[PDB]
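Chain naming here is simple, since letters A, B, ... match the order of the sequence lines and numbering starts at 1 in each. Worth knowing before you read on, the calculation uses all heavy atoms, side chains too, and leaves out hydrogens, waters and symmetry mates.
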Amino acid sequence: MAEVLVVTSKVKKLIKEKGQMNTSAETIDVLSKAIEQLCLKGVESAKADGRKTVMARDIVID
Amino acid sequence: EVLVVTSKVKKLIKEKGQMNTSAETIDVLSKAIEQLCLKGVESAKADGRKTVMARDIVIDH
DNA sequence: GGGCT
DNA sequence: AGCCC
């Protein structure tokens, strides 16, 4: 799907290796929505600063 | 290390923002995913489950 | 590599 | 001049 923004295999490997847990399909969808929201907040910060580039300091996790 | 699909993130930010994406931006997004997944493991384990589910990924903040 | 922010 | 397409 063109909608998936996370590397499914690497996310499942992290959760398996660090948690001994499986990962639901819906977990991948929520993580992809999280990325989309972070990128859109990033665009707003960069635009407010009059920049053309989304930089690390534009991505704030509360 | 990289947990986001770099080409799709750059396409989203280019298409939705008419902006470039810094290399460090990709690293911060990957750190964000790692932290969300590890908080997910905590919630799932606390609930006695063997699967990280959507309700384990808390993002409303 | 070839420009750009 | 460091860094992005």
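Distance SG/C37(B) to NZ/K18(A): 12.5 Å, rounded to 0.5 Å.
With rounding to whole Å, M55(A) atom CE is found 10 Å from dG2(D) atom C1'. Atom CG of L12(B) and atom P of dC5(D) are 13 Å apart (whole Å). Atom-to-atom, CG of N20(B) to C1' of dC4(D) comes out at 6 Å; the value is rounded to the nearest Å. Here the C1' atom of nucleotide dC5(D) and the CD atom of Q18(B) are 16 Å apart, to the nearest Å. For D58(A) and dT5(C), the CG to P distance is 15 Å, given to the nearest whole Å. What separates CD1 of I13(B) from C1' of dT5(C) is a distance of 16 Å, to the nearest Å. Here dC3(D) presents its P atom at 15 Å from CD1 of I26(B), a figure rounded to the nearest Å. Between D27(B) atom CG and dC3(D) atom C1' there is a gap of 14 Å when expressed in whole angstrom units.
Between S22(B) and the phosphate of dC4(D), there is a side-chain N or O to OP1/OP2 separation shorter than 4.0 Å. For the OP1/OP2 pair of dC5(D) and a distance below 4.0 Å, the side-chain nitrogens and oxygens of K14(B) include no atom meeting the criterion.
Checked by atom type and distance alone, the side chain of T25(B) pairs as donor or acceptor with a backbone atom of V54(A) at under 3.5 Å.
Using a 4.0 Å cut-off between charged side-chain N and carboxylate O, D56(B) and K39(B) make no salt bridge.
Listed by chain and number, the residues in a side-chain contact (heavy atoms from CB on, under 4.5 Å) with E26(A) are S24(A), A54(B) (sequence neighbours excluded).
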